[PDB]
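**Student:** experimental coordinates follow, after the sequence.
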Amino acid sequence: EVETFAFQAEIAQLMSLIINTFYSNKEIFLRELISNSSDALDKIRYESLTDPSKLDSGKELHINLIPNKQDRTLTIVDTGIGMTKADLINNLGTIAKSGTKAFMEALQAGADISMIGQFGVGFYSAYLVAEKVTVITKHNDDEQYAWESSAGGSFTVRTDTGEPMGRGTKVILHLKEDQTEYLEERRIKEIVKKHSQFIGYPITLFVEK
Ligand SMILES: CC(C)(C)c1ccc(C(=O)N2CCCC2)s1
Ligand SMILES: CC(C)(C)c1ccc(C(=O)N2CCCC2)s1
């Protein structure tokens, strides 16, 4: 059972701006997604202090970067708090509405796209390099879900029958044909060292066949 939802008008507008604006400094997408993963790991770590049973779904707090040239995907995996169905459909988009409008105002005043994270909508920077984004996520209080959008004003949510995850979030970036540099090991290392050097969780860059 696949449900299709329309983005809020403000978010669809932000997504089209990110897709259509000429902006060469695309590499900042990885810093934003890694920062999102770090925040989610901070969250489950905090909650586990007063309820250690919240780590029964996985004690390890880490971030994995997994490129796949065969599928032309870059996957960012974390074992953070994860997102409920309500997060995916309603809550996160509701927060992102004010941050979007503020970010658009700043862009008209002289700001640039790399400052998107200061407005809390850094996830959407994924569409600088991805034609489609799939988000697999599992929160302790809900089932495993798959969120997906190729932009165009709509996204889908379904119950995920893939491999069980334990807890956390997988962001699968289906890269644009001309953005395959972000599948190369030395390019990913360079970006992580430049923008994510002090993340307080182990970041493992997987290597391919
Ligand atoms: C896909 C969308 C827009 C719902 C997301 C916003 C932030 C996400 C994220 O990386 N995490 C949130 C907590 C788990 C890690 S996913
Ligand atoms: C991405 C953004 C900024 C819209 C978020 C809202 C709530 C987030 C979160 O980490 N939690 C969800 C579980 C409680 C803490 S992240």
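**Tutor:** Good, I have the coordinates. Numbers count the residues shown, from 1 in each chain. Ligands and ions are numbered 1, 2, ... in the order given.

**Student:** okay, CA-based contacts and neighbour counts for the rest of this
**Tutor:** OK.

**Student:** now the strands for this structure?
**Tutor:** Secondary structure of the chain (DSSP state E): strands at 2-6, 63-68, 73-78, 130-138, 144-149, 154-159, 168-175, 203-205.

**Student:** residues from the protein in reach of ligand 1?
**Tutor:** Applying Cα under 6 Å from any ligand atom, we find that the chain lies next to ligand 1 at 33, 36-37, 40, 80-83, 88, 92, 123, 135, 168-169.

**Student:** give the residue farthest from the middle of this protein.
**Tutor:** residue 50 (27.2 Å; Cα atoms, centre = their mean).

**Student:** next, the contact list for the nearest residue to residue 32 once chain neighbours are set aside, please.
**Tutor:** Once flanking residues are discounted, residue 32 sits nearest to residue 122: 5.3 Å by Cα to Cα, 6 or more residues apart in numbering. Counting by Cα atoms under 8 Å, 6 or more residues apart in numbering, residue 122 makes contact with 29, 32, 33, 36, 116.

**Student:** pick out the most distant pair among those.
**Tutor:** Checking the contacts of residue 122 against each other with Cα to Cα, the farthest-apart pair comes out as 36 and 116, at 12.4 Å.

**Student:** for residue 35, see how far away residue 138 is.
**Tutor:** 18 Å (Cα to Cα, to the nearest Å).

**Student:** who has more neighbours out of the two?
**Tutor:** residue 138 (26 against 18; other Cα atoms under 10 Å).

**Student:** the more buried one contacts residue 159, doesn't it?
**Tutor:** No: assessed by Cα atoms under 8 Å, residue 138 is found out of contact with residue 159, at 10.4 Å.

**Student:** can you list the residues that contact stretch 83-99?
**Tutor:** 5, 8, 10-11, 119-121, 137-139, 141-143, 145, 147, 157, 168-169.

**Student:** these also near ligand 2: which ones?
**Tutor:** Counting by Cα under 6 Å from any ligand atom, the members of the contacts of stretch 83-99 near ligand 2 are residue 120.

**Student:** filter the contacts of stretch 83-99 down to the buried ones.
**Tutor:** Buried subset of the contacts of stretch 83-99 (neighbour count, 16 or more other Cα atoms under 10 Å): 10-11, 119-121, 137-139, 145, 147, 157, 168-169.
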